[PDB]
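Taking it in order: structure first as structure tokens, then the write-up.
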Amino acid sequence: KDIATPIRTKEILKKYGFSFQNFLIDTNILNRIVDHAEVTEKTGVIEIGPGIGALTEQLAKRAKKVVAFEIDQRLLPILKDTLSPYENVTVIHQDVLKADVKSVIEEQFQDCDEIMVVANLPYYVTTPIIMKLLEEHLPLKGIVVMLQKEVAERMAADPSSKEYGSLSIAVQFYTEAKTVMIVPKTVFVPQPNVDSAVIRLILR
């Protein structure tokens with residue numbers, strides 16, 4: 001049934017006129033992302049960049065609520081369709097860099113014991129969103145994001161590393177950072193240029 005299966009994803013790409021966002025078409029990987037994010041009946045989840053709902057679905061199954069920030073007008077009718085099975089998924093049409101996320105948390109997660117950000121970001125926006133969120137001083141357990149491996153390498157760099165630098169110091173100032181998955185090129189359609197990684201940031 002799931003959005004992120006190659007047969008279902010392909011029928012969605014036929015329907016809304018998509019052809020050759022890089023799409024995850026493995027349900028296992030997406031569930032491992034949710035696993036590492038520790039999402040339960042207790043958990044509220046902010047997602048950024050839902051796409052067509054592949055990751056959104058898997059989070060929605062486990063969590064009390066999922067609030068999903070999406071900027072592109074064209075993806076809103078698709079999300080209404082693909083994620084219609086879920087009465088716990090609010091799609092906000094806003095740029096998360098502009099939002100007052102503190103007041104969105106109080107408005108949407110009164111029925112929740114902890115809050116996690118979980119995402120799969122494009123390269124150009126990754127570092128800014130992460131950094132906006134950590135600087136905004138929110139009440140989060142943590143942030144699990146899929147980004148490029150070469151960026152993870154620097155975000156979670158150990159101080160002894162040749163790659164430890166300002167980016168490392170920035171992220172580690174606010175969080176304990178660790179890569180928890182390597183996600184290869186071959187698990188996306190179309191195949192991206194490089195391997196990605198899933199980094200987990202737990203706040204202090």
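Starting from 1 in every chain, residues are counted up; chains themselves are A, B, ... following the order of the structure tokens, and ligands are numbered from 1 as listed.
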Residue contacts of residue 55 (chain A) (7 Å, only C-alpha atoms) excluding same-chain residues fewer than 3 positions away, as a VMD selection string: chain A and resid 30 58 to 59
Limited to N, CA and C atoms, could you put the picked residues into a file as a CSV table (one decimal), in the first residue's frame?
chain,number,residue,atom,x,y,z
A,30,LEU,N,13.2,4.5,5.2
A,30,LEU,CA,12.4,5.5,5.8
A,30,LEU,C,12.0,5.1,7.2
A,58,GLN,N,5.3,7.4,7.0
A,58,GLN,CA,5.9,6.5,8.0
A,58,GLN,C,5.9,7.0,9.4
A,59,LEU,N,6.2,8.4,9.4
A,59,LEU,CA,6.2,9.1,10.7
A,59,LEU,C,4.8,9.2,11.2
Residues within 12 Å of residue 156 (chain A), only C-alpha atoms, excluding chain neighbours under 6 positions, as a PyMOL selection string: chain A and resi 149-150+163-180+197-202
Which polymer residues have any atom within 10 Å of an atom of residue 67 (chain A), counting only C-alpha atoms, with same-chain residues fewer than 4 positions away left out, as an mmCIF file with N, CA and C atoms, in the first residue's frame?
data_model
loop_
_atom_site.group_PDB
_atom_site.id
_atom_site.type_symbol
_atom_site.label_atom_id
_atom_site.label_comp_id
_atom_site.auth_asym_id
_atom_site.auth_seq_id
_atom_site.Cartn_x
_atom_site.Cartn_y
_atom_site.Cartn_z
ATOM 1 N N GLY A 44 5.536 14.177 18.962
ATOM 2 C CA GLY A 44 5.075 15.123 17.943
ATOM 3 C C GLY A 44 6.209 15.419 16.994
ATOM 4 N N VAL A 45 5.900 15.459 15.702
ATOM 5 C CA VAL A 45 6.926 15.546 14.658
ATOM 6 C C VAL A 45 6.702 16.749 13.735
ATOM 7 N N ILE A 46 7.680 17.659 13.707
ATOM 8 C CA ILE A 46 7.766 18.669 12.676
ATOM 9 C C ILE A 46 8.566 18.083 11.495
ATOM 10 N N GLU A 47 7.952 18.024 10.308
ATOM 11 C CA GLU A 47 8.661 17.631 9.101
ATOM 12 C C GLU A 47 8.830 18.840 8.193
ATOM 13 N N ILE A 48 9.960 18.953 7.507
ATOM 14 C CA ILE A 48 10.206 20.004 6.536
ATOM 15 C C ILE A 48 10.478 19.331 5.202
ATOM 16 N N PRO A 50 7.989 17.873 2.756
ATOM 17 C CA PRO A 50 7.368 16.534 2.730
ATOM 18 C C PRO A 50 7.446 15.788 1.407
ATOM 19 N N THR A 56 6.650 11.201 5.306
ATOM 20 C CA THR A 56 5.549 11.741 6.112
ATOM 21 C C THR A 56 4.595 10.649 6.602
ATOM 22 N N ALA A 60 3.807 9.488 10.340
ATOM 23 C CA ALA A 60 2.400 9.652 10.723
ATOM 24 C C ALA A 60 1.815 8.427 11.396
ATOM 25 N N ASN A 88 -4.046 12.785 11.392
ATOM 26 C CA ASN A 88 -3.101 13.389 12.346
ATOM 27 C C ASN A 88 -1.954 14.103 11.643
ATOM 28 N N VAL A 89 -2.202 14.569 10.421
ATOM 29 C CA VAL A 89 -1.137 15.177 9.614
ATOM 30 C C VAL A 89 -1.607 16.533 9.076
ATOM 31 N N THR A 90 -1.162 17.612 9.721
ATOM 32 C CA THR A 90 -1.475 18.985 9.282
ATOM 33 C C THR A 90 -0.350 19.503 8.352
ATOM 34 N N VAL A 91 -0.716 19.937 7.143
ATOM 35 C CA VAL A 91 0.254 20.468 6.166
ATOM 36 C C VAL A 91 0.209 21.987 6.215
ATOM 37 N N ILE A 92 1.239 22.604 6.800
ATOM 38 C CA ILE A 92 1.388 24.056 6.780
ATOM 39 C C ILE A 92 2.103 24.515 5.490
ATOM 40 N N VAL A 104 3.939 27.734 16.849
ATOM 41 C CA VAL A 104 3.335 26.622 16.101
ATOM 42 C C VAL A 104 3.345 25.344 16.956
ATOM 43 N N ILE A 105 4.379 25.176 17.780
ATOM 44 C CA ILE A 105 4.479 24.011 18.687
ATOM 45 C C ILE A 105 3.371 24.038 19.760
ATOM 46 N N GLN A 108 -0.093 23.324 18.086
ATOM 47 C CA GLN A 108 -0.327 22.006 17.422
ATOM 48 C C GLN A 108 0.052 20.733 18.229
ATOM 49 N N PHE A 109 0.854 20.862 19.290
ATOM 50 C CA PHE A 109 1.337 19.707 20.043
ATOM 51 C C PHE A 109 1.021 19.841 21.527
ATOM 52 N N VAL A 117 12.166 17.096 15.187
ATOM 53 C CA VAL A 117 12.180 17.504 13.802
ATOM 54 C C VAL A 117 12.777 16.360 13.004
#
Using only C-alpha atoms, I'd like a table of the residues in region 102-123 of chain A that come within 10 Å of region 32-37 of chain A; for each, show the closest atom pair and its distance in Å rounded to one decimal, ordered by chain and ascending number, as CSV.
residue,atom,partner,partner_atom,distance
A:116,CA,A:37,CA,7.2
A:117,CA,A:37,CA,8.4
A:118,CA,A:37,CA,7.2
A:119,CA,A:33,CA,9.1
A:120,CA,A:33,CA,9.8
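Selecting alpha helix (DSSP H) from the backbone DSSP output for region 5-71 of chain A yields residues 6, 7, 8, 9, 10, 11, 12, 13, 14, 15, 27, 28, 29, 30, 31, 32, 33, 34, 35, 36, 54, 55, 56, 57, 58, 59, 60, 61 and 62 of chain A.
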Would you mind exporting the chosen residues as a tab-separated table (two decimals), in the first residue's frame, restricted to N, CA, C and O atoms?
chain	number	residue	atom	x	y	z
A	6	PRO	N	8.02	1.37	-5.02
A	6	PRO	CA	8.20	1.76	-6.42
A	6	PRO	C	6.92	1.71	-7.29
A	6	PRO	O	6.78	2.58	-8.15
A	7	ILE	N	6.02	0.75	-7.08
A	7	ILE	CA	4.75	0.71	-7.85
A	7	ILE	C	3.81	1.89	-7.52
A	7	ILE	O	3.20	2.50	-8.40
A	8	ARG	N	3.71	2.22	-6.23
A	8	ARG	CA	2.83	3.29	-5.76
A	8	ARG	C	3.38	4.66	-6.16
A	8	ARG	O	2.65	5.51	-6.67
A	9	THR	N	4.67	4.87	-5.90
A	9	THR	CA	5.39	6.10	-6.27
A	9	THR	C	5.28	6.37	-7.77
A	9	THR	O	5.01	7.48	-8.17
A	10	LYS	N	5.47	5.36	-8.59
A	10	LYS	CA	5.36	5.51	-10.05
A	10	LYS	C	3.95	5.90	-10.52
A	10	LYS	O	3.82	6.68	-11.47
A	11	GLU	N	2.91	5.36	-9.87
A	11	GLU	CA	1.50	5.73	-10.19
A	11	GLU	C	1.22	7.18	-9.79
A	11	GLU	O	0.45	7.88	-10.46
A	12	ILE	N	1.86	7.63	-8.70
A	12	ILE	CA	1.80	9.03	-8.26
A	12	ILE	C	2.54	9.95	-9.25
A	12	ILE	O	2.05	11.02	-9.56
A	13	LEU	N	3.71	9.53	-9.74
A	13	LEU	CA	4.43	10.30	-10.76
A	13	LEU	C	3.70	10.36	-12.11
A	13	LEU	O	3.73	11.41	-12.76
A	14	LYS	N	3.02	9.27	-12.52
A	14	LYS	CA	2.09	9.33	-13.67
A	14	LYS	C	1.00	10.36	-13.39
A	14	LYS	O	0.89	11.31	-14.14
A	15	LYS	N	0.26	10.20	-12.29
A	15	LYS	CA	-0.93	11.03	-12.01
A	15	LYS	C	-0.73	12.55	-12.05
A	15	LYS	O	-1.55	13.27	-12.64
A	27	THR	N	10.91	1.58	1.74
A	27	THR	CA	10.14	1.74	2.95
A	27	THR	C	10.97	1.41	4.18
A	27	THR	O	10.74	1.97	5.25
A	28	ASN	N	11.93	0.50	4.03
A	28	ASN	CA	12.79	0.09	5.13
A	28	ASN	C	13.64	1.27	5.61
A	28	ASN	O	13.68	1.58	6.79
A	29	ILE	N	14.33	1.91	4.67
A	29	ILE	CA	15.18	3.05	4.99
A	29	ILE	C	14.39	4.12	5.73
A	29	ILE	O	14.82	4.61	6.77
A	30	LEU	N	13.23	4.46	5.19
A	30	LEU	CA	12.36	5.47	5.81
A	30	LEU	C	11.97	5.07	7.22
A	30	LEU	O	11.89	5.91	8.10
A	31	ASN	N	11.74	3.78	7.44
A	31	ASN	CA	11.41	3.34	8.79
A	31	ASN	C	12.60	3.39	9.73
A	31	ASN	O	12.42	3.69	10.90
A	32	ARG	N	13.79	3.14	9.22
A	32	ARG	CA	15.00	3.27	10.01
A	32	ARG	C	15.21	4.72	10.42
A	32	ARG	O	15.68	4.98	11.55
A	33	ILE	N	14.85	5.67	9.54
A	33	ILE	CA	14.89	7.09	9.90
A	33	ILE	C	13.95	7.37	11.08
A	33	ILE	O	14.35	7.99	12.07
A	34	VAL	N	12.72	6.86	10.98
A	34	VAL	CA	11.74	7.00	12.06
A	34	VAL	C	12.20	6.30	13.35
A	34	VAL	O	11.97	6.82	14.44
A	35	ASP	N	12.86	5.14	13.21
A	35	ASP	CA	13.40	4.36	14.36
A	35	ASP	C	14.40	5.18	15.16
A	35	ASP	O	14.25	5.35	16.39
A	36	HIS	N	15.40	5.69	14.45
A	36	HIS	CA	16.44	6.54	15.04
A	36	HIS	C	15.89	7.82	15.64
A	36	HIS	O	16.39	8.30	16.66
A	54	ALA	N	6.22	10.35	1.28
A	54	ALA	CA	6.87	9.05	1.53
A	54	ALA	C	7.30	8.92	2.99
A	54	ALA	O	6.86	8.01	3.69
A	55	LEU	N	8.16	9.84	3.43
A	55	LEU	CA	8.61	9.86	4.81
A	55	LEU	C	7.50	10.28	5.78
A	55	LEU	O	7.44	9.78	6.93
A	56	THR	N	6.65	11.20	5.31
A	56	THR	CA	5.55	11.74	6.11
A	56	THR	C	4.59	10.65	6.60
A	56	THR	O	4.22	10.60	7.79
A	57	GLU	N	4.22	9.78	5.66
A	57	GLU	CA	3.44	8.59	5.93
A	57	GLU	C	4.01	7.78	7.09
A	57	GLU	O	3.30	7.53	8.07
A	58	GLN	N	5.28	7.39	7.00
A	58	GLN	CA	5.86	6.45	7.95
A	58	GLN	C	5.93	7.05	9.36
A	58	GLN	O	5.78	6.33	10.36
A	59	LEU	N	6.19	8.35	9.42
A	59	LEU	CA	6.17	9.09	10.68
A	59	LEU	C	4.76	9.17	11.23
A	59	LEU	O	4.55	8.98	12.44
A	60	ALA	N	3.81	9.49	10.34
A	60	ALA	CA	2.40	9.65	10.72
A	60	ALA	C	1.82	8.43	11.40
A	60	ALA	O	1.06	8.56	12.36
A	61	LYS	N	2.19	7.24	10.90
A	61	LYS	CA	1.76	5.97	11.49
A	61	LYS	C	2.07	5.87	12.98
A	61	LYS	O	1.23	5.46	13.76
A	62	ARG	N	3.28	6.27	13.38
A	62	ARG	CA	3.73	6.05	14.75
A	62	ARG	C	3.43	7.19	15.74
A	62	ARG	O	3.32	6.94	16.96
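Closest approach to residue 185 (chain A) among A:157, A:148, A:129, A:143 is made by A:148 (distances from only C-alpha atoms).
Each of A:49, A:159, A:85, A:142 was checked against residue 125 (chain A) using only C-alpha atoms; the smallest atom-to-atom distance is that of A:49.
Take the candidates A:70, A:114, A:107, A:95 and check each one against residue 38 (chain A) using only C-alpha atoms; the shortest distance goes to A:114.
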From a DSSP pass on the backbone, collect the residues of chain A flagged as strand (DSSP E or B) and hand them back as a PyMOL selection string. chain A and resi 23-24+43-48+65-69+89-92+114-120+142-148+175-183+188-189+196-203
For the selection you just gave me, I'd like the residues written to a file as a compact mmCIF listing (two decimals), in the first residue's frame, keeping N, CA and C atoms.
# COMPACT_ATOMS: atom_id res chain seq x y z
N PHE A 23 13.49 10.95 -5.09
CA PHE A 23 12.45 10.21 -4.35
C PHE A 23 13.05 8.97 -3.70
N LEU A 24 12.84 8.83 -2.38
CA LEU A 24 13.08 7.56 -1.70
C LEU A 24 11.94 6.57 -2.04
N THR A 43 5.11 11.07 20.78
CA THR A 43 5.92 12.02 19.98
C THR A 43 5.11 12.92 19.04
N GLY A 44 5.54 14.18 18.96
CA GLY A 44 5.08 15.12 17.94
C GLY A 44 6.21 15.42 16.99
N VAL A 45 5.90 15.46 15.70
CA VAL A 45 6.93 15.55 14.66
C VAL A 45 6.70 16.75 13.73
N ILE A 46 7.68 17.66 13.71
CA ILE A 46 7.77 18.67 12.68
C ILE A 46 8.57 18.08 11.50
N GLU A 47 7.95 18.02 10.31
CA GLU A 47 8.66 17.63 9.10
C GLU A 47 8.83 18.84 8.19
N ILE A 48 9.96 18.95 7.51
CA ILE A 48 10.21 20.00 6.54
C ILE A 48 10.48 19.33 5.20
N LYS A 65 1.09 13.21 16.39
CA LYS A 65 0.85 14.19 15.34
C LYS A 65 2.12 14.43 14.51
N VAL A 66 1.89 14.83 13.25
CA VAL A 66 2.93 15.28 12.32
C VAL A 66 2.50 16.60 11.67
N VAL A 67 3.29 17.65 11.90
CA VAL A 67 3.05 18.96 11.28
C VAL A 67 4.12 19.11 10.21
N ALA A 68 3.71 19.38 8.98
CA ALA A 68 4.65 19.35 7.85
C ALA A 68 4.71 20.67 7.11
N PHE A 69 5.81 21.41 7.24
CA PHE A 69 6.01 22.68 6.50
C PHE A 69 6.39 22.44 5.02
N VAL A 89 -2.20 14.57 10.42
CA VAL A 89 -1.14 15.18 9.61
C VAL A 89 -1.61 16.53 9.08
N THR A 90 -1.16 17.61 9.72
CA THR A 90 -1.47 18.99 9.28
C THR A 90 -0.35 19.50 8.35
N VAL A 91 -0.72 19.94 7.14
CA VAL A 91 0.25 20.47 6.17
C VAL A 91 0.21 21.99 6.21
N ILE A 92 1.24 22.60 6.80
CA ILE A 92 1.39 24.06 6.78
C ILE A 92 2.10 24.52 5.49
N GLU A 114 6.96 14.85 23.86
CA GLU A 114 8.24 15.32 23.29
C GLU A 114 8.05 15.79 21.84
N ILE A 115 9.03 16.55 21.32
CA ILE A 115 9.00 17.06 19.93
C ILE A 115 10.29 16.81 19.15
N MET A 116 10.16 16.20 17.97
CA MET A 116 11.29 15.90 17.09
C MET A 116 11.08 16.57 15.75
N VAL A 117 12.17 17.10 15.19
CA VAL A 117 12.18 17.50 13.80
C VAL A 117 12.78 16.36 13.00
N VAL A 118 12.13 16.02 11.89
CA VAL A 118 12.57 14.91 11.04
C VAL A 118 12.47 15.34 9.60
N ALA A 119 13.53 15.23 8.82
CA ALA A 119 13.48 15.80 7.48
C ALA A 119 14.43 15.15 6.51
N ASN A 120 14.23 15.53 5.25
CA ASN A 120 15.00 15.07 4.15
C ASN A 120 15.16 16.30 3.27
N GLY A 142 15.13 16.55 19.66
CA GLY A 142 16.20 16.43 18.65
C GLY A 142 15.76 16.61 17.21
N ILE A 143 16.75 16.55 16.34
CA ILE A 143 16.58 16.77 14.92
C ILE A 143 17.23 15.57 14.20
N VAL A 144 16.44 14.83 13.43
CA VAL A 144 16.97 13.79 12.56
C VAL A 144 16.78 14.23 11.11
N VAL A 145 17.87 14.54 10.41
CA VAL A 145 17.75 14.93 9.02
C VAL A 145 18.63 14.11 8.10
N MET A 146 18.11 13.89 6.90
CA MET A 146 18.86 13.31 5.82
C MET A 146 19.46 14.47 5.08
N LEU A 147 20.78 14.47 4.94
CA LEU A 147 21.50 15.48 4.16
C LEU A 147 22.65 14.82 3.37
N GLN A 148 23.52 15.57 2.72
CA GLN A 148 24.66 14.95 2.03
C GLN A 148 25.75 14.48 2.98
N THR A 175 23.97 20.97 19.98
CA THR A 175 23.57 19.56 19.96
C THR A 175 24.70 18.59 20.17
N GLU A 176 24.35 17.36 20.52
CA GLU A 176 25.23 16.20 20.36
C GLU A 176 24.92 15.62 18.97
N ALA A 177 25.91 15.62 18.09
CA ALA A 177 25.71 15.27 16.68
C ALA A 177 26.32 13.91 16.38
N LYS A 178 25.58 13.02 15.72
CA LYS A 178 26.14 11.76 15.24
C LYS A 178 25.42 11.24 14.01
N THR A 179 26.18 10.80 13.02
CA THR A 179 25.63 10.05 11.89
C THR A 179 25.15 8.67 12.35
N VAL A 180 23.90 8.37 12.04
CA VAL A 180 23.28 7.10 12.40
C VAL A 180 22.92 6.21 11.20
N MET A 181 22.98 6.73 9.97
CA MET A 181 22.82 5.92 8.73
C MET A 181 23.61 6.54 7.56
N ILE A 182 24.13 5.69 6.67
CA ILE A 182 24.63 6.12 5.37
C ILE A 182 23.61 5.63 4.37
N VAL A 183 23.10 6.54 3.55
CA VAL A 183 22.07 6.22 2.59
C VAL A 183 22.64 6.37 1.18
N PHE A 188 17.63 6.10 -4.33
CA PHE A 188 16.79 7.21 -4.82
C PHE A 188 16.49 7.08 -6.32
N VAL A 189 15.36 7.65 -6.75
CA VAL A 189 15.08 7.83 -8.19
C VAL A 189 14.72 9.28 -8.46
N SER A 196 24.17 10.17 0.62
CA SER A 196 23.60 11.00 1.64
C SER A 196 23.94 10.32 2.96
N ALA A 197 23.47 10.89 4.06
CA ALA A 197 23.61 10.31 5.38
C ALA A 197 22.47 10.82 6.26
N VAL A 198 22.10 10.07 7.29
CA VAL A 198 21.11 10.55 8.29
C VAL A 198 21.82 10.91 9.59
N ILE A 199 21.76 12.19 9.93
CA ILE A 199 22.42 12.69 11.12
C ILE A 199 21.37 12.91 12.19
N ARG A 200 21.71 12.55 13.42
CA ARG A 200 20.85 12.80 14.57
C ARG A 200 21.51 13.83 15.46
N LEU A 201 20.75 14.89 15.76
CA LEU A 201 21.19 15.95 16.63
C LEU A 201 20.26 15.94 17.81
N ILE A 202 20.82 15.77 19.01
CA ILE A 202 20.03 15.83 20.24
C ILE A 202 20.46 17.11 20.93
N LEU A 203 19.48 17.92 21.34
CA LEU A 203 19.73 19.25 21.91
C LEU A 203 20.22 19.14 23.34
